């Protein structure tokens, strides 16, 4: 019916896609996802929002997903919409592996998903996916990479970026304290903790509100690991000591 | 034919009002409580009929999904029945392929996926129900919640429906990680009693327990004994 | 197989043998080939066991739904028509010869024959099956107009007994059913109860 | 005939807390040998292998499709598949084409990722599981493999004895088969190590 | 039947094919090219039923070129071989199967030279050397006798000539000339035809 | 299947959805292109380096085929879709015609694709305008521009996106046979035209060239700086 | 409490409080008929009694009825819009017949009520169509559970009752039946029919004539659904 | 293949051998041919092993869904109806010969479903290659309303006849007793045939096999 139609996929009089813009607005109200690229590898650091005392942690991670043997991603926005896209990413990666018998390059996987998102914004009459993603991976063409995709379907490679709450503040800080080409995994982790500490206003980084995953190459095989509670606590303790000494 | 445009869209502030309104229907629903014990899970809910005419045993609220999974809800009953049917089908499809009972987490993900489709598909409203799923897989109890939006969480103890905020506060003070199933049942009943607003009988509440033996719905005789104690 | 149906003033009489074969092996020697389509409508099944059972169930579902919609008992002609429509449409795939006999208020006892190919015709009496070829002369010689229910039962029992004797695909026991306004009376003849005809001695 | 078009032989055996899976290396089109390093045993996990025999094209297609499904399952479930579950997944895959099936008869061998219990099984070309506690064979020389395995197999064999028994069974079975042979590869799966060996075999 | 052959060396792949297109009993063409340039370092050699060879080879060529244009880098020989095998296997059980026997030769910057054998059933295999056609029954033994892994490209051409000469002496079909190409780290080089 | 008529006429005969798509193109980054005697040049005004963004993945100049390349101005996601469709068409034309496409042919294909989206059910017009440059088999350089409405034309020099009107006025006054006399002079003209719109200049511009029988070449940042210094 | 946004009073979508106003309006469409129906359950019998209004003598009273036979052992009384009721009765007949064909035994009353409720729930979730403005009450004898009485509604909610009612005077009948049920529940067949008739007469404030109501019963001895004749109704009316 | 079923006084006794052949060679020496349909219904399978497994599994799944929805125990007639209707739809291409038996609210019921979709409700049935041998024992010794022990002995003897008189049947005998308040699943009920003891030792001593290449991959 014409009357009840919302007309999601149409242009505004100013040449703007309102549903896309509103979806990006929903992204800003989600947890903070951080991604940093280093010579040794890549890491993803995210702020955990399900911090209730009665929640049980039984899953692999709250916001870190393994898309492939050598790739991973983090999400920000609608949790249910993120679950749909994570499944599509895993299907896309495996379809490429079946066809070519070689792991999908990271850029190709991001482009494939971003084509799905763009289609929803152009035709179909349905609301766009209100989720933004960060990808980390390794491939034989470009080595370690880090990508970010938005609901609009756009994407781009980054050396360090942040999505979610206080993304603008995190980006300005990473711009200040990122050493292009001279970063290591140890230094990247310290920077991630420092940025998360400042971006998570009204918090003290209790180590239950942050999940950190690192991607590295060991003996020719990609290794994706989620830092344990003890490791995160040690990182926070070191950051506290450094801040105290800086006085 | 049917409408092919989504009825749930993004507000200028960046929210899905229909999902928010769906959650409002859940909050107005009847109280439901779930507790994860050390060696089992207990689902309890308030089944209060409007008159003595209603047959208490006619329709149940704590329905089994498989030999080891249970389900309780808070919200609209008709929508609960739809999800109960889909959950049973998904459990059977998994068993056919893998010849093994579906793990509790996998069932929750599939059911949550169905809920997600209804909040994005065209010409349909979201489910006005929130589910509580209990299971026992790999010698371990499981408890999950599934919101109308298709998002699910793993809980040690939670409450839904009317007065759920107060119920959750009660659970936090009273819940202990090291609990036997019998102790958990007492706490679940007490949590319901905190906002029952009436006199509680085995015919006014429904209780289900999941443990190694599987999932079963406690008979009214058993509920009578627990209420007495 | 041997199925027979006779019509008398007031109702019909149905009969059949009780043999089902898979070559030269008798898979079932007490099979019941008289299927109640409705309260006062029966069908005698011959040919493929699977095809006849599937079609009989389909017609039973159709006729029952039809009867409920129209608050009246079904017509035997309607039962035959549904059988004809199915058998004619799927004549390539089906191998089933059906005799539809029953009683309804409008027309009384009726017998309809639906052989392979989907033909339908009403007859005073009908025979069919593998063994029916051996009693065409007997029924044509011994049939008389205006028989009674008792005479029809004896007529059907004698005809089946002869066919079962001379046919390797027919045997076991004779199952009889008489349908009238009062109801359905089912009978089974076995052992010495089956009519006997002495053999020669050269 | 279609099964013997390319030839091939696979056998799996059970020991004490260990399993062995063996296959021949020949790849040929009817009587002509094309390559003597063809892969038939594929790794489905740390201690889980599947050996496929039959049409070479179907051997590669089934292995690739199985890995496609197994990879998705592991990511979804966040756990390693159990040997029994893999057998069911293979059976479901094979039976999906009951009319026009894949011409291969997989045999699975591995240890359960939790208790490391030995497991072996076979499947028909349409997905009929068969779990045994002694051994399984599949290929053009099935009759020869049965004769050797039946007479040589013993219960509760150490990894060293297991390797000798399966190798002897494979060598003497292919030696009496024309379109199978040209080398034998044996994997011994233990709790903490995988030992892959290539045997000295007749190449005629 | 058309003839294909490929020899893989330490850092090169040598491929040759006949140049005959015969309808029933008359050679309609004496300079036919059976080699398809998949990319700057991959060659596909196709022989089989008329129409199937060109349609399958050209279809794969377009897809490989499209992958290069889309992603900015070319497919590896291994990826191209598996991609070709997937398409052939998928069409095998369909209503329009392709009856083509293939030889894929290519050079990879990291892995190095690669030669792949694929029959019309879509069974992929990697071999140091391979041949297709009825001549394969007659030249393969020669390759087995004289081939070594460390064979120089000069000795490879001599070994190729040995196989072609054997075809002239003992084969019944008239295959006067052959097309010869070599793939190395510098790309695809067209050598002089071996004619008789 | 959603089958509403997104684009419809309005009084005075205007397709507002098409007009709104053009407004999206105007809000896009500036792109320039000139047709030289033996070289075709494409320049794009980079929005910002951002100091942390991989410039390799944000390129606004793409190669449809060996002999054809294009630059766009509008929605980035829409441009990626049109680029993939054009690339597939180029390979298909190669397959069934055994020759490379012509710049006019692929421009016509893209133009038809955009027009079909403005007169179809359940979809909105594309929000990009593209400049397509290349060399035909005859060797004649070509430069075409396509609008979201599906119209296309052949240009000797044009600009699209933000500041298109100002850049086009600059190009009209300072385009001549002498200006395009040499390949280096042609490149400087593109840079000078871009500098008329982009403020910082030099750093915030991406430039690519395509010579006869040669693949697309992207000028390095050092090369752009040398040209910028020479212009100054 | 009564807030609204978008089209929530026009299509079946949630209101700011999550209320489904369209479903609520469908419930209120049941009273447009102006009739009331009552169903009671006894020890070994189930009875459904409904009003029978014949506006004019020109109408053929034999065709103006609200008791329908679904199967030989299941009967129903429909309240609400006539056209919607007839369509629902037709769907129930199809579902019962289909169940028997597929599973080989007669559909239980509760299962039939469930399927109709599931069909109704779809109309509430999908915005293309509107809910049916009718209510169905089903009665039958279960092989193990004895007499059964079930009620569906436009929202897709169903339940089993000892006694229930629908229509204009549903609330008054429920209060009347609740008082009666609180006492002993011996409820012989005569008592059940008398209880159903007296309830309807009391709430409607009228002394029924033999040709002003319809009565359908199922008994354990005679499970087949039966519609009492005018003479049989008169005998019950005279006794009470 | 010898699968047999008998209806005795209190319930049903199902029997089956344990042998599958691929051609004329014994593939599996111990196969479970008595499948589980529901807690009160079981089904013996004969014919194509994959078809019987898929058919019983699918119907068991559908019945379990049916039982959950209704809340009552499933009925043998419902299982029989589901099986025949699917088999008929496949026109006999699913080579599943089945002996369906269970005890429900209406008492014991024993069926026999054929691949083409024809069923027969009988007090005793047999299917498979050794079906005729089993039926000989049933026709010779069957009596109505037999005791449980007598019924078990009869079905065991019937399966034994097929084992020893059919080349497609052998190994152990399986039984399944279904009653109103009991279900005994005697998997190895009897073991008539056993492999002979090995008289000589052929153990391959270490080093008796020559190896060209070896590779060890330790696992964490």
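In order of appearance the chains are A, B, C, D, E, F, G and H, and numbering begins at 1 in each one.
Rule of thumb we're sticking to: a contact is a pair of C-beta atoms (placed from the backbone, for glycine too) under 8 Å apart; a residue touches a chain by one contact, two chains touch by 3 or more.
The greater number of contacting C-beta pairs, out of the two interfaces C-H and C-G, is seen for C-H. Relative to the whole-protein C-alpha centroid, the nearest chain centroid is that of B. Remark: chain A and chain C have CA centroids separated by 76 Å (rounded to whole angstrom). The mean-CA centres of chain A and chain D are about 41 angstrom from one another, to the nearest whole unit.
With centres defined as mean CA coordinates, chain G is found 57 Å away from chain A.
Mean C-alpha positions place chain G and chain H at a centre distance of 49 Å. Multi-chain contact residues of chain H (touching two or more other chains): 69, 85. With touch defined as above, chain E holds no residue shared between interfaces to two or more other chains. Within chain F, residues 2, 4, 84 each touch two or more of the remaining chains.
Chain H makes touch with chain G in their complex at residues 66, 69-70, 72, 75, 77-78, 80-82, 85, 105. Residue ranges on chain A touching chain B, taken from their complex, read 1, 4-8, 18-19, 22-29, 50, 53-59, 78-81, 83-84, 125-128, 130.
Looking at the complex, you find that chain B touches chain F at residues 4-5, 122. Per the touch definition, chain H reaches chain B in the complex via residues 57-58, 61-62, 64-65, 68-69.
Of all residues in chain A, only 3-4 touch chain G in the complex they form.
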